[PDB]
Ligand SMILES: [Zn+2]
Ligand SMILES: [Zn+2]
Ligand SMILES: [Zn+2]
Ligand SMILES: [Zn+2]
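Numbering (the entry's author numbering), first residue to last: 2 to 87.
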């Protein structure tokens, strides 16, 4: 649910270890897909390293329902809580 999405988005900030880059990109891309929906921005230039990585993670999800992105986000946070602790 949207309320559980809000809770997961809070809990992910309090993991005992910072998530890996792969995990951070999963979390970012699914967050954008669950909120904005399909990507609606142009890709950053080649030297915007963080920006283009973020954009790619969201772009890969094009066509995914907001409800599925939200479910995946929540499930990922639960996985991270078990992996790192909170
Ligand atoms: Zn739901
Ligand atoms: Zn890194
Ligand atoms: Zn920043
Ligand atoms: Zn996904």
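Each residue gets a CB set at the ideal place from its N, CA and C atoms; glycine is no exception.
In terms of Cβ geometry, residue 77 and residue 31 form a close pair [threshold 8 Å]. Residue 49 sits in coil when the DSSP states are folded into three classes, being neither helix nor strand. Here residue 3 is exposed, its C-beta having fewer than 16 other C-beta atoms within 10 Å.
Between the region 51-66 and the region 18-32, the count of C-beta pairs closer than 8 Å reaches three or more; the two stretches touch. Checking the 7 Å criterion, the Cβ of residue 39 is out of range of every heavy atom belonging to ligand 2.
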